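Report on one structure; see the data block that follows.
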Amino acid sequence: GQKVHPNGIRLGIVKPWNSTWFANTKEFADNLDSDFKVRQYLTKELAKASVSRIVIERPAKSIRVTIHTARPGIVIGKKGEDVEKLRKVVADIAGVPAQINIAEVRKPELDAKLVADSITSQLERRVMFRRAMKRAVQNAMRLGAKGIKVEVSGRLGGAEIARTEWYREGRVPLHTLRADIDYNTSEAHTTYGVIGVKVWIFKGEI
Amino acid sequence: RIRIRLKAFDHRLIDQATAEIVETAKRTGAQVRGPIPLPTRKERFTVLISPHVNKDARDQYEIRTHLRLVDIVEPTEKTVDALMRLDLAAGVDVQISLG
Amino acid sequence: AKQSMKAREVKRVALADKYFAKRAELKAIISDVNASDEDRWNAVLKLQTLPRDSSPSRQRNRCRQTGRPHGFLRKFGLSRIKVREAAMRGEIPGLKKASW
Amino acid sequence: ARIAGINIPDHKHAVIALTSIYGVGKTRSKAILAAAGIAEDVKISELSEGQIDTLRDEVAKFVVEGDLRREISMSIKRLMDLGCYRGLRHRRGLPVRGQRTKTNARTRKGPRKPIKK
Amino acid sequence: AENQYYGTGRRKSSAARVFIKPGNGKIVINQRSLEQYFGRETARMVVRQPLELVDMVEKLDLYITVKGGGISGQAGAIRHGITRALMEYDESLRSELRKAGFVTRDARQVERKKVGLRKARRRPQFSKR
Amino acid sequence: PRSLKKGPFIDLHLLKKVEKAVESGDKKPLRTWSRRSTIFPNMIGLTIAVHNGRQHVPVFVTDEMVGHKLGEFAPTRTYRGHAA
Amino acid sequence: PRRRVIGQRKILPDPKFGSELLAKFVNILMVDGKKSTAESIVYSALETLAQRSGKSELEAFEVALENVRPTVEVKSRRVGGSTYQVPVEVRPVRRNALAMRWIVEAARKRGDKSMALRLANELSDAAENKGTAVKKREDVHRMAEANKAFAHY
RNA sequence: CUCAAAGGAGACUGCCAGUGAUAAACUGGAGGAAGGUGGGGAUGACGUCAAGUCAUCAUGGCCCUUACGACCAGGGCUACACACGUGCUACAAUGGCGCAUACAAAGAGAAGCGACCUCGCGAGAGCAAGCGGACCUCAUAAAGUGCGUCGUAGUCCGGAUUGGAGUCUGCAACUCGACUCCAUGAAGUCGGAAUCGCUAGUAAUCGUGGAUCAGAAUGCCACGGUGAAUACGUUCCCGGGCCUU
Ligand SMILES: [K+]
Ligand SMILES: [K+]
Ligand SMILES: [K+]
Ligand SMILES: [K+]
Ligand SMILES: [K+]
Ligand SMILES: [K+]
Ligand SMILES: [K+]
Ligand SMILES: [K+]
Ligand SMILES: [K+]
Ligand SMILES: [Mg+2]
Ligand SMILES: [Mg+2]
Ligand SMILES: [Mg+2]
Ligand SMILES: [Mg+2]
Ligand SMILES: [Mg+2]
Ligand SMILES: [Mg+2]
Ligand SMILES: [Mg+2]
Ligand SMILES: [Mg+2]
Ligand SMILES: [Mg+2]
Ligand SMILES: [Mg+2]
Ligand SMILES: [Mg+2]
Ligand SMILES: [Mg+2]
Ligand SMILES: [Mg+2]
Ligand SMILES: [Mg+2]
């Protein structure tokens, strides 16, 4: 059957929120819309920067955006030129003074969003889906995840009949609430249509 | 006397803010009554989870707004100015009243 | 929703904002108990002259990311589907799965 | 026990007995009794003629029985021969106040009429 | 038997504060007499039951304030609070009170309404076709 | 219905049309799409072609039509019975 | 049920007399959870019965229950072939439950003015071995007697 | 002290007895607020039905491009010989009506909730506090209880339908809104074959709130009050699990 979202079910237990601000009903929707626009622009702009997570905070009449990246040098540029440009655009979009922080994602092979994006890029480059998933699982297991599962669904290899294929190593205990499960998805737009990728990575119980 | 009203979606964050407020208020001479835990507000939402039909398949969500009250009675001059510059953490709403 | 359907809503919001007060004072004149019997008639006739799209009752709440005119939620400004997606991704502060 | 050309029950309270007149409900009956100065819980059997005659003119103050029936028939006939939407609804026997006709509407349509072949 | 003894009683959404002291048998609930407050004979019996069990009905004076719930819930909460007050007064009555079953707090509450059901458990009428 | 304190409603364009028609001898039908306008005691005698959705049907305004809306005399749905 | 895990639920005794028997009777008579209304009806009927007879309310009620209580009923038993109506002994608790239910149903079926009056008339008829619920006990006993030959299944 | 909300304690077959293969475990007892998964929720394995959704969105391919795109007014989605599903209100006296009088929980509010006072039979209107709220408003809980009446009648049951007169929202209540007043007062007197839900604070019954929303719930989601009956048992009906043939 259908499964609960692994991040959503853990949002108050072992996982943190991606947006941390307080608002009343008067500006809640406006803040949500501005966050959506900011994340949209940042994701579109930093497509090749290996961005895994965009955290947004609103301390007081200002916006602070933390970008978790595996290529901080590419994100920042020479003496902060690119990050300054992004700060300007984010301030323009949000209508408030903006402050951009860069967080380091060491070991990108252990980050669910980055793994899914890598598999998706390979699929769009017409790499064998089996090879892509096996490589991702092997890399994560070698780096030391307690478990990983990768699932790819759609017209794999351009087949007329779509199907779902998944691989798993170690343990991925989705029913354990206190389990550190990093889960994320991605989509590849191939000439035969859309292929969906889901990645679960287990990092031990807290 | 002045009233400090603290709103937060996270009770740990609100507890940290109240602890630092009462510390920085008691250090500067003025005494503090509280902190007082006001009743938590629980806003609830129910949504249909299927894109089409299946009326009985729903997700129920809630937002918990925690509320704290801080009394500062007999505020000194060095007490008053030692409050707005504290710059509490994000996600905490602070309302100041001159009661 | 369609692009034209979204443009209709933005135009309606703009017209309502533009003609806000010019409607309010006419309605006050019409609803005035101690008003005369001919200035009331003139105000009633003038209220119809304004474009229909300037009335706030012509606006339909739509999802701010898709344009969906059904299943809207005011607290978030989104339809139920998008609210669920954002909540699961963790993008709605303080919102989690409830149980009591 | 004879008001407005009809006979009212004698074993009932005055307020209940007065409603038997077409055009008199509970509220109008209460108003008439208050105007006449008669209690509501007294049976009209134990009422002297000097109270029935004071009820009669109070009843005559209103439009009841044949006059009311003629007025209602006249208004409905006016709708029908005007031929407005309400008049057409009255002509066809369908509900006139915008109720659903896909189902229900049995009060206006009578009992069900099965289709013939 | 020289100072006030206190008990807390709870039943459904009712909470009752009971103050007990030596006396002659006068009971006040929310600044009213027992018969003035509880018009139900069942509620009166529920209130009186611990005193009848312990044979100390006319040796004590009862001062009780209650809020929440309804008549039966308030009576049960009062009974629980009276039992606790008597236990605070004398600790040898715990065995007999537990044997009578008054020490137990009745935890039965209203079951929540659930999605897809008309009530806590009543389902909508089913039809095969 | 419409509150008494607001007075009966009438569309301004139709009011102008009937004002221009009553003073003249114009007996041509007054074509209109305004079924929401109340019939006023100033256009008894001339014919108004009210829209019903797909055409304009002419109603001859009489005294007894005062107080009704123009659409009350222009039915919108065509019905002739089932299997009749 | 299959698992045999059902205990017993204690019932508070009735206010006026402290009889769980009468409390169960009130529970059976009660509709829509209106226990105070049921208690008032039962008390009025019991006082009418007590003033009609020479015994107390409890004694008259016990006489009526003794006259209405069945001893053997018939239950269906399906074996290889056809189903038989086997006579089975009724346990005392079910005897009381059936007697009360039959009395309440007969009183509801009666056509007097008030429910308390109907219940009093039904109780008096039961004490004199007349009327419904007594005819019902008789019918049950007759069926058991007619099917006595099957009292080994 | 009730309570508000943070941090802790508590329940673990922990102890006792018996049974059991020196086991797992079961039966009962003590203590305790709670006893054996304490109650309820969340949580849905590998998969199945080419199950649903190209009309939330996204997307391969196909198709239209002075039109299958775009704007507007009016109408329709509310039709009506009929058939089915899901509900509401009843058929009454365990009740209707009148007067008096108690006892809840949960929640919402700024183009918002709107008190007091006055006017109106009423829906409401005028004026105008307080409240971004444990403070103010929505907001009187109802069933209940006491007294009186109705006295088994298609009724003082029932309130459908229709005539007349109004209120409010809204440019605008004809098609096609909700509510109020006066009058009108239909079927219906417990429902064929058949069929549904429920094992305890459940069913039944009684009110209250919220989302949507200018206005427009008998639907949906949620909250308390009162508060049952019965379960001997697994032969039979339905679905399912394990071994075997
Ligand atoms: K139907
Ligand atoms: K497509
Ligand atoms: K329309
Ligand atoms: K209709
Ligand atoms: K319904
Ligand atoms: K039905
Ligand atoms: K009647
Ligand atoms: K309408
Ligand atoms: K088999
Ligand atoms: Mg589109
Ligand atoms: Mg609208
Ligand atoms: Mg009459
Ligand atoms: Mg309930
Ligand atoms: Mg179905
Ligand atoms: Mg589990
Ligand atoms: Mg299919
Ligand atoms: Mg289909
Ligand atoms: Mg249009
Ligand atoms: Mg439809
Ligand atoms: Mg009636
Ligand atoms: Mg069960
Ligand atoms: Mg609304
Ligand atoms: Mg098994």
Side-chain angles (χ1 to χ4, degrees), chain A residues 1-4 9 24 175 189 191-194, chain B residues 11 15 37-40 44 46 51-53, chain C residues 4 33 47-48 50 52 55-57 63 66 68 72 79 81-82 97 99-100, chain D residues 16 23 25 27-28 41 68 72 75-76 85 95-96 98 100-102 107-108 112-115, chain E residues 6 8 13 15 17 39 67-72 74 104-105 107-113 115 120-127, chain F residues 1-4 9 33 35-36 51-54 68-69 71-72 76-77 79 81-83, chain G residues 1-2 6 27-28 30-38 41 77-79 91 113-115:
Chain A
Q2 280 61 249
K3 296 96 156 91
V4 73
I9 202 51
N24 295 304
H175 278 66
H189 305 266
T191 89
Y192 297 103
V194 176
Chain B
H11 76 282
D15 285 340
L38 285 182
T40 305
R44 304 232 158 112
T46 292
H52 199 56
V53 301
Chain C
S4 68
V33 51
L47 197 35
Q48 334 169 2
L50 313 181
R52 276 166 187 197
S55 171
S57 277
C63 177
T66 73
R68 207 188 192 258
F72 184 83
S79 51
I81 305 169
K82 284 309 153 161
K97 286 187 60 93
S99 158
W100 63 95
Chain D
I16 306 297
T27 284
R28 262 188 185 170
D41 52 281
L68 188 43
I72 296 162
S75 50
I76 303 179
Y85 167 85
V96 316
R100 71 187 298 118
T101 58
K102 186 173 190 166
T107 295
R108 289 288 297 185
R112 271 139 156 119
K113 306 185 322 272
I115 319 166
Chain E
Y6 173 66
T8 311
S13 41
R17 322 145 75 253
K67 331 175 55 163
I71 303 150
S72 274
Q74 285 180 342
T104 306
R105 206 280 215 201
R108 304 181 280 158
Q109 316 276 130
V110 165
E111 202 174 352
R112 64 163 287 181
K113 197 205 167 289
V115 176
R121 316 215 170 170
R122 219 271 186 221
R123 305 177 101 71
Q125 186 159 271
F126 172 63
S127 165
Chain F
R2 163 145 207 160
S3 171
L4 275 196
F9 176 82
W33 304 259
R35 326 171 29 105
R36 58 219 208 113
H51 202 239
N52 72 341
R54 73 175 148 171
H68 290 206
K69 318 289 213 108
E72 309 199 29
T76 54
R77 292 184 198 92
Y79 179 60
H82 305 279
Chain G
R2 291 190 187 287
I6 298 314
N27 276 343
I28 280 141
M30 168 183 53
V31 311
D32 304 340
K34 305 183 85 150
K35 188 176 270 219
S36 53
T37 309
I41 287 170
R77 213 62 176 104
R78 163 153 282 208
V79 301
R91 50 211 228 261
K113 286 301 214 220
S114 78
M115 172 77 227

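Only heavy atoms go into these numbers, but all of them, side chains included; no hydrogens, no water, no symmetry mates. In the text below, chain A, chain B and the rest are named by the order of the sequence lines, each starting its count at 1.
Between the P atom of H:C97 and the CD1 atom of D:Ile16 lies a distance of 12 Å, rounded to the nearest Å. Rounded to a whole Å, the CD1 atom of D:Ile72 is 12 Å from the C1' atom of H:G185. With rounding to whole Å, C:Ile81 atom CD1 is found 12 Å from H:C54 atom P. Look at NZ on G:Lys34: it is 12 Å from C1' on H:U145, rounded to the nearest Å. At whole-Å resolution of the value, OH in A:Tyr192 and P in H:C62 are 13 Å apart. Between the CD1 atom of G:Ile41 and the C1' atom of H:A93 there is a distance of 10 Å, rounded to whole Å. Atom pair E:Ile71:CD1 and H:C103:P shows a separation of 10 Å (rounding to whole Å applied). When rounded to the nearest whole Å, the span between NZ of G:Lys35 and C1' of H:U226 equals 10 Å.
Of the candidates H:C232, H:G163, H:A203, H:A203 carries the atom nearest the E:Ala120 side chain, counting heavy atoms from C-beta on. Taking only side-chain atoms of F:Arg2, from C-beta outward, the nucleotide of H:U167, H:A104, H:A172 with the closest atom is H:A172. With H:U56, H:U167, H:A200 as the candidates, the nucleotide lying closest to the side chain of E:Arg108 is H:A200. Taking the side chain of F:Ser3 as heavy atoms from C-beta on, and the options H:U167, H:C174, H:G144, the nearest nucleotide is H:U167. Comparing H:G52, H:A183, H:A173 by their nearest atom to the side chain of B:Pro51 picks out H:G52. When each of H:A231, H:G7, H:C3 is scored by its nearest atom to the side-chain atoms of B:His11, the top-ranked nucleotide is H:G7. Candidate nucleotides H:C174, H:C57, H:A231 were compared by shortest atom distance to the side chain of F:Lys69, and H:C174 ranks first.
Taking the side chain as every heavy atom from C-beta outward, D:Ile115 and F:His82 never approach each other to under 4.5 Å. The side-chain heavy atoms of G:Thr37 and G:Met30, taken from C-beta on, include no pair separated by under 4.5 Å. Annotation: side chain of D:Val96 is in contact with side chain of D:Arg108 (closest heavy-atom distance under 4.5 Å).
Between H:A42 and H:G14, the distance separating the two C1' atoms is 29 Å to the nearest Å. Rounded to the nearest Å, the gap between the P atom of H:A125 and that of H:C138 is 16 Å. Rounded to whole Å, the separation between the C1' atoms of H:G60 and H:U48 comes to 27 Å. As rounded to the nearest Å, H:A115 and H:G146 have P atoms that lie 36 Å from one another. Atom P of H:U184 sits at a distance of 14 Å from the matching atom of H:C156, rounded to the whole Å. The separation of H:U37 from H:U13, taken at their P atoms, amounts to 8 Å, rounded to a whole angstrom. A distance of about 29 Å separates the P atoms of H:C176 and H:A183, rounded to the whole Å. Annotation: H:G188 and H:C91 have their P atoms spaced 15 Å apart (nearest Å).
Nucleic acid contact class of C:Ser79 (heavy atoms, under 4.0 Å, all strands): none. If you check every strand for non-hydrogen atoms under 4.0 Å, D:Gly23 touches sugar and phosphate atoms only. Nucleic acid contact class of G:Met115 (heavy atoms, under 4.0 Å, all strands): base. Here B:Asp15 lies in heavy-atom contact (under 4.0 Å) with sugar-phosphate atoms only. Across all strands, E:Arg17 comes closer than 4.0 Å to base atoms (heavy-atom distances).
When both distances must be under 3.5 Å, the Watson-Crick or G-U wobble mate of H:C238 does not exist. For H:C88, there is no paired nucleotide, since no Watson-Crick or G-U wobble pair has both relevant distances below 3.5 Å.
One finds the NZ atom of G:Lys34 at 10.0 Å from the CD1 atom of G:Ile41 (value rounded to the nearest 0.5 Å). Rounding to the nearest 0.5 Å gives a distance of 10.0 Å between OG of C:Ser55 and CG of C:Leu50.
Nucleotide H:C54 shows a negative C1'-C2'-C3'-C4' value and thus a south, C2'-endo-like sugar. A negative value of the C1'-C2'-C3'-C4' torsion places the sugar of H:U218 in the southern pucker family. Nucleotide H:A105 shows a positive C1'-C2'-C3'-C4' value and thus a north, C3'-endo-like sugar. Sugar pucker of H:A58 is north, as judged by a positive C1'-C2'-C3'-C4' dihedral.
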Requested in this report: Using a 4.0 Å cut-off on protein heavy atoms (strictly under), produce a 5'-to-3' string for nucleotides 68-88 of chain H with B for base contact, S for backbone-only sugar-phosphate contact, and - for none.
Outcome: --SS-SBSSSSSBBBBBSSS-
Query - nucleotides 105-114 of chain H: protein proximity per nucleotide (B base, S sugar-phosphate only, - neither; heavy atom, under 4.0 Å) - result: S--SS-B---
Report summary line: The contact string for nucleotides 146-153 of chain H, one letter per nucleotide 5' to 3', using protein heavy atoms under 4.0 Å with B, S and - for base, sugar-phosphate only and none, comes out as ---SSBB-
Report task. Mark up nucleotides 34-43 of chain H, 5' to 3', with B wherever a protein heavy atom is under 4.0 angstrom from a base atom, S wherever such an atom reaches only the sugar-phosphate, and - elsewhere. Result -> S-----BBSS
Query - Protein-to-nucleotide contact annotation, 5' to 3' order, nucleotides 116-129 of chain H [B base; S sugar-phosphate only; - none; under 4.0 Å, heavy atom] - result: --------------
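Because its glycosidic torsion is more than 90° from 0, H:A160 is reported here as anti. By the rule that a glycosidic angle within 90° of 0 means syn, H:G130 does not qualify and counts as anti. For H:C12, the base is syn relative to its sugar; the glycosidic angle is within 90° of 0. Nucleotide H:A81 is shown with a syn base, its glycosidic torsion being within 90° of 0.
Using the rule of two distances under 3.5 Å, H:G144 and H:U101 count as a Watson-Crick or G-U wobble pair. The bases of H:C232 and H:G219 do not line up as a Watson-Crick or G-U pair with both contact lengths under 3.5 Å. A Watson-Crick or G-U wobble pair links H:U208 with H:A222, each of its two atom distances being under 3.5 Å. H:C138 and H:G107 are base-paired, meeting the Watson-Crick or G-U wobble geometry with both donor-acceptor distances under 3.5 Å.
For CZ of E:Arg123, the number of neighbouring non-hydrogen atoms (other residues, nucleotides, ligands) closer than 6.0 Å is 12 at most. Enclosure of atom CZ in F:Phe9 by more than 12 non-hydrogen atoms of other residues, nucleotides or ligands within 6.0 angstrom is indicated.
Evaluation of atom-type donor-acceptor distances gives no pair under 3.5 Å for the side chain of G:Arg78 against the base of H:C236.
Mapped onto RNA chain H by nearest heavy atom, C:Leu47 and B:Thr46 fall at different nucleotides, with C:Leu47 at the one closer to the 5' end. Each of C:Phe72 and A:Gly193 was matched to the nucleotide of RNA chain H holding its nearest heavy atom; the match closer to the 5' end belongs to A:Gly193.
The six-membered rings of H:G185 and H:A186 are unstacked by the 5.5 Å centre and 30° plane criterion.
Judged by distance alone, with hydrogens and angles left aside, the side-chain atoms of F:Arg35 form no donor-acceptor pair with the main-chain N or O of F:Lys69 at under 3.5 Å. Side-chain N or O atoms of D:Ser75 include one that pairs as donor or acceptor with a backbone N or O of D:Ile72 at under 3.5 Å.
In terms of the ring-ring contact (aromatic ring centres under 6.0 Å, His included) criterion, residue partners of B:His11 (sequence neighbours excluded) are, by chain and number, B:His66.
G:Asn27 has a side-chain polar atom (N or O) that falls below the 4.0 Å cut-off from OP1 or OP2 of H:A229.
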